[PDB]
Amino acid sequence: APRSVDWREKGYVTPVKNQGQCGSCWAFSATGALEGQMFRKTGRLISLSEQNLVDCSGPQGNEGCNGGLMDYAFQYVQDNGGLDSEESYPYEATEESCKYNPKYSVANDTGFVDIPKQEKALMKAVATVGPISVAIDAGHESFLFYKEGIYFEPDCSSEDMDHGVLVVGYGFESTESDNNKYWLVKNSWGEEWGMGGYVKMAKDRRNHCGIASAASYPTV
């Protein structure tokens, strides 16, 4: 596998969005992976509607602004037979009754695949599939005030995660006596958080913050 991957430079990744005051991270993670897979399929990078997912994927098990699962979001897109564009169905950071319009559907998926809970398996997936939906333990003050560098949190859990994000690549910063490897992770907290909306999560450091424990991607 490549020692460095960054799917943003390959056109797979849309700009950083902002979930606002709503626990819809799962929606932004799922649209991220679907935007990447649709781009691979059609050569078109189109922004997908998280609001469509928040309002409409309740039957699949999601809870709107109270949380959800990326896999349930992929199931909605399969069950629904489509997903509206971000332009047609813009994000409002609130829960509202479903407004899906089949006329504005710009994406489909045929299911999803769950990656084994090993960082090696996640790496090969990022290297060959594209951006990957993952969940991490982001429930700490250091994550909230992260600005730059490789994030490492000693109290992070490898099993208990609360935040759905998107891995768009990986790399390494090399010092004299250490290759400090990282996951390139796209947050949904606006572009003023972290590195323009991005965080470098510690990689190959015992599944730090659970990043390999709930990884999946949609199939198109």
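We call the rigid core whatever largest set of C-alpha positions still superposes within 1.5 Å between the two forms. All residue numbers refer to positions in the sequence shown, first residue = 1.
Between 166 to 174 and 148 to 156, the larger root mean square Cα shift in 4 other deposited structures of this protein, once each structure is superposed on the rigid core, falls on 166 to 174.
Look at the mean CA B-factor for 124 to 132 and for 92 to 100 in the entry; the higher one is 92 to 100.
Averaged over their C-alpha atoms, the temperature factors of 169 to 177 and 45 to 53 are higher for 169 to 177. Looking at the C-alpha B-factors along this chain, the one for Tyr146 belongs to the highest third.
In the deposited entry, the Cα temperature factor of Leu69 sits in the middle third of values across the chain's modelled residues.
The deposited CA B-factor of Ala107 belongs to the highest third of values across its chain.
Among the modelled residues of its chain, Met161 has a C-alpha B-factor that falls in the middle third, as given in the PDB entry. The entry lists a Cα temperature factor for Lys17 that places it in the lowest third of the chain's modelled residues.
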